[PDB]
């Protein structure tokens, strides 16, 4: 029986930096060194036996200075952050070690920042791959050549560009508490971060990267890769499938023990534990035995150690991806597994009344990630729950909108908004944010905050009345209409004038409301000091209460005066104050508030 399993390796990195390309290159190095053998096929993963790793490296195996008793490496077929947030029954990432892929030319990017913080919160050891070193200007490319061999073909101009870009890499890594270095320059691999310049498109430096993966995983996970084949199986759901012929099945990576087609398992949902019995296990047939792409699967009796397997069983409809699968041989084992899963749900999901946002995600691991990314930026949270954005979320964000409009929003990560909820989100003006990555969904929300705050200022200026003094012309020649409405040529003495504003005399009597401001054939929305324009005044009649030559003042309220002097002070020019003080001397004869100008 087996002594030690293989480590489960995941691949992280920013989009287009070369995650899937590197995974593709490692499957290619499998066939070139396959050497007359069927390699254990997995559902959702690809195994690389150490016989391939050793012969691919050749004499470079000696760079690790320690024999590798591992049987192989199990690489996850789906890369990225979202795959990494799949967490075990013990809160840890199912990846035993990660590979951070960073484009050497593009450098550090948001998802690089995103993954590094996760790699530290999960305490996961990892290697950094400086990818795309072929786009270095003037680079000598040789297919499937180890990096230490390939660098000897380079000129000083190219090596300089590599050493310079590594320098910026290590600086960013040190800016996150990681001592980074080129791999052949690292002395202590447990106190330092190793960087392997690779070319995932041409296979340059893949030999050195696999040697570091195999070596590090052994010296970091010697003890817990030594699983007993015999123990019950513990796994993590990678995907939930409503298969056409197989019904509801879950794609799972088993990270501990042996799973049997007879086993009773406890499956993690979004709000409950699923106790069911396995009906059938399925794995891919040996690679040569495939003749129809529609029939690639065998019925298996047992899978053990690290294995990707498809589990067909009843009740898996409510199973949640990223949640654990726990085999339970006894009712006590069933009862304990139900506790660990619900304790995991109670620790992530939050339901409160505090004035905050509402967070919805696809899996538990990503829900905890975004909910704490918001806690980094000190954004309160009213609820975080796994599921699609329902109607009753919009109603809860509606109550938050009525309290603080800044937090009456919804943040959904990799989640589709319900049909019955999208109309409610527009009928109540509840902002919904849909995204696939965490950093952008926070930025889009924060960009919305800047928009809304600056709209709040715009609406305030539009609602306040500004001060202004005008004077009617004395000639009967500037009287264009004597009633309904009175249209008279004026000059604005001080401040500014605007339509909808009411006017008063020197004795503080309302004469009418300004219908429109007109200069030449044009219509204006305001007129500032020094402009001679014609204004229409509703309710006023020339000669009745207003007279040519008379000085008129914009009628202001105590609210308008307080707002300008204490909140909009930076918008008042010298003419605006003089207008305001001139109005206050008129309004002081009746209201002694204006004695404070």
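Residue numbers count along the first chain shown, from 1.
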item: Higher-scoring stretch by recorded Cα B factor average, 377-385 or 273-281; value: 377-385
item: Mean C-alpha temperature factor, higher of 222-230 and 444-452; value: 222-230
item: Which of 439, 480, 147, 183 ranks first by CA B-factor in the deposited coordinates; value: 439
item: Out of 36, 48, 568, 542, residue topping the C-alpha B-factor column of the entry; value: 36
item: Chain-wide C-alpha B factor ranking for residue 140, given as lowest, middle or highest third; value: middle
item: Chain thirds of CA B-factor: placement of residue 205; value: middle
item: Assigned third (lowest, middle, highest) for the C-alpha B factor of residue 597; value: middle
item: Residue 423, C-alpha B-factor rank within chain (lowest, middle or highest third); value: highest
item: Residue 124 CA temperature factor, ranked by third within the chain; value: lowest
